[PDB]
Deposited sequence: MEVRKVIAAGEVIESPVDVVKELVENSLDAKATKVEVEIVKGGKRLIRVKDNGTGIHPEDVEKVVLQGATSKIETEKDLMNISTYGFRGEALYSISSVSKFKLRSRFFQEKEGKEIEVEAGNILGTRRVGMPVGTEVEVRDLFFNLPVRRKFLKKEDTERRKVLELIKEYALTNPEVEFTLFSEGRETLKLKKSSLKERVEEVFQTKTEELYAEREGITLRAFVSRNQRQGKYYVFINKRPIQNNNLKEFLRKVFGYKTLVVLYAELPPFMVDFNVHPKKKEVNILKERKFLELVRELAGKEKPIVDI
């Protein structure tokens, strides 16, 4: 399930969000993964139990959590799934997790790990997907320096460092919004159907044709009862995408 550091930060950030956090701070060094949390935190009683929620606790793992109605907070150090110890720790309400030397104990899986720059790009892409999906949540990413963005509405412009034209179209159940910037050096086409990102190549080429190439297109779709690769009732969706590319 883990296989690489982007899957670690994915599990930890997903947990942070389920914990109702409005601020997520991710740090990587290429090896440390650290996810700091704004959320409800974990009862001291439950910290051991949740360390055996989080497995990926088998690589050199440390977690501290303070529950929002508790005043202390609790830290547990485990190594390759073996608890090394615990201590009570002063800290703000929330959760911090440090992963540190992923697959130190499993050399063959450690040798599956890519170049450090590749893993850095996978993490960066994941964090910007979470940001583009959650405008109301602050996100921060530390690689060596700082990546940083706050509560917003159009954070598309912050993420992609460009101004954008906003387009809106709605028909039957389908609601979709686009953010487009036409001068780009390279075209980049991002699609989110509901909150889930869609990597489909055919759809991206349809956006290349309908909004033109060498353009940034960020598409947000909302539909109620559909599948998710994913299927829907396609013709009306696609001619809606054409319709709002007609501004």
- Query: How would you write out the unmodelled ranges of the deposited sequence, numbered from 1?
  - Reply: 1 to 11, 42 to 44, 67 to 92, 187 to 190, 273 to 282, 302 to 308
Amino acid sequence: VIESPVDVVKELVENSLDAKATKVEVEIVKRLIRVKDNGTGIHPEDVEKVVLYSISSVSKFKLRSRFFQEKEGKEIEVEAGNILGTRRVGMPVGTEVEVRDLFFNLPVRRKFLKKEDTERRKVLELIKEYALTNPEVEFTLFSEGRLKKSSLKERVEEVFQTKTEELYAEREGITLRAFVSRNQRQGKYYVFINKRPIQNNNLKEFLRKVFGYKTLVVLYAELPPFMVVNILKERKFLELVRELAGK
From here on, numbers count along this sequence of modelled residues.
- Task: Averaging the C-alpha B factors as listed in the entry, name the stretch that ends up higher: 131 to 139 or 173 to 181.
- Result: 173 to 181
- What stretch has the higher average Cα B-factor here, 190 to 198 or 218 to 226? 218 to 226
- Item | Largest Cα B-factor, entry values, listed residues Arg88, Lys114, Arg109, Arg146 | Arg109
- According to the deposited entry, which of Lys74, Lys163, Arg121, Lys71 has the largest Cα B-factor? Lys163
- Which third of the chain holds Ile231 when residues are ordered by C-alpha B factor: lowest, middle or highest? highest
- So where's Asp18 on the chain's Cα temperature factor ranking, which third? lowest
- Message: Please place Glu154 in the lowest, middle or highest third of its chain according to the CA B-factor in the PDB entry.
- Response: highest
- Within this chain's modelled residues, let me know which third the CA B factor of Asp37 belongs to: lowest, middle or highest. middle
- Query: Lowest, middle or highest third of the chain for the C-alpha temperature factor of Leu244?
  - Reply: highest
